[PDB]
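Just the one chain here, the form deposited in one PDB entry, laid out as structure tokens.
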């Protein structure tokens, strides 16, 4: 293995425990996730070992993505004394994530108090093609000495969730078995609710010139830590090659029967290939994905690198084979938000997959399809009809939003988002149409998508409330995307999206009846559709209230938002983020016009082909200036929409706010996990903002790019109607090339229609 050039490398400065790097250096294949801890597992490190879909509640308030035993641990002892990196003089330190190859490398050259110098150089990856497999390889060289070296491998099944918060800590698993099976060591667990079993097999070997070079192997059962240990009579300057393969299998897999048998056989197979060869198979997967997803920015090396970083974590975390999971708000990179799935995925993350790997996007839509029954049950429990998707989803599709937490001031507080942040159900319907529009996947629409869109429309028809005096339908006592304002009436974003979802479902019903009558019938029989429902939906939609001041062309975020105390945003912090205005009480956010994130502007982004340029510009200007950017979701959408409305003054800096969310930790909580929505947002702002792509009413692909000052070019590729397109954007021009000649693509390049 050879490192990629610097352009592809993300570097940690200093040898130390770091929450931030544990997140940025977290490695996943969309099934296994592993936090970027150091292999020694130092004192203050937070390990993270996750398998997608493996959730457990036990004594916690809601179900949580399980922190499984930590299997990657590896220590070196010199004559039975732990070679402790933080205890040595550091002669050489390098530590990098290689985004092109998807490996985490680390090289240490250490001088201990005895003046002995040792080299430890190696890497690890979570296999993209062997989803069960983790691979670690480290060369060790005793440069000026000879000694007995103990290579210690260990699985640590003392891990817990919420390790730093005494109230919330819980161990979500019990240890079923531990075994020295000669060829390695095994530890198996069952989650405490008993819904999942996981096996972990690990096998370490120490070689010199590809022979096993250890005089003794022993194993230790230390309670809930099991170890595998190789003693080597190490001679000065010789190259001791340590390889550790670890396999994780869960009872989610078809169909395994015994995780122990499956683990250990899987490990046998992996043993017949070399570390070199598992690596090459791993790197091929990254080639295939980068070939489409890579974006080249010329003139801004910070932007270019930060964008590779965003994309890499996006391409790493999705598994199109798994139609029973989707992407948590922090990927598989940490515990913040408990591995739950929000609108972050449908609205921020999904378009990336729609346009770069449509099979991933479909799988994540199949997650929602498969939880339709839980969404129907969720509706029924709240007095509504159709499908009411939860604000926070895990494995069953029940509402997993906590009811209690702590506010900005550390006080206990009720959490209302699960209860009344309803827009999620519309967001999923929108994301369904977005996927089908892009791919022309009619099969999906007919068999799965239509049912989702119609059931969420049924939900919206149940919650809309007719106000007779006013001759309008309202949706009252909600939270819109701006979570600062709770118990609002007629959030415009919510009302509009509901209105969109209702008209979409009618339109679909009449299309399926006219054009796909056998599919219409099967849907109608499955979900009990009546002939009147399409009309009922048209009628509610025609009269849903949108708060709107025609004289000022301003869309009011929710009724009465205009009477609330205004406030000037006067300064930015070291990371160029808004700082709260003087006067503001952080538990009275409801009384001001300050907003957390894009809300009307989010609406203007999603349903933009239905508002005029003046409107978009006017509402952009009003809200952008009142936006605190207090969610990692916020800046991407203001970069993207800034461009779209000619208000490019601040487009660059919002863009760099999203792109550096975790690399500069600009929200201060990167240690909780990757800000997964902001990754998708960054990609969207380049392609739908700077790259100037927008979709028009007749599904014609319009292109009106704007590059910031520093950028001479921007290249990116998207899938559009089954055609792979290459865009090259420069200061002056736009070129679009099809990668396969054949098929017709209609574009509107700066007001001018063009065929390719």
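Positions refer to the first chain, counted from 1.
When the two stretches 293 to 301 and 491 to 499 are set side by side, the higher mean Cα temperature factor goes to 293 to 301.
For the two regions 320 to 328 and 83 to 91, the entry's Cα B-factors average higher over 83 to 91. Based on the entry's C-alpha B-factors, the most elevated value among 27, 65, 687, 701 belongs to 701. Looking at 98, 261, 443, 421, the one whose CA carries the top B-factor in the deposited record is 261.
Among the modelled residues of the chain, residue 52 sits in the lowest third by CA temperature factor in this PDB entry. Per the deposited record, the Cα B-factor of residue 152 falls in the lowest third when ranked against the other modelled residues of its chain.
Split the chain's modelled residues into thirds by C-alpha temperature factor. Residue 61 is in the middle one.
Annotation for residue 715: CA B-factor lies in the middle third of the chain's modelled residues. For residue 663, the recorded CA temperature factor ranks within the middle third of the chain's modelled residues.
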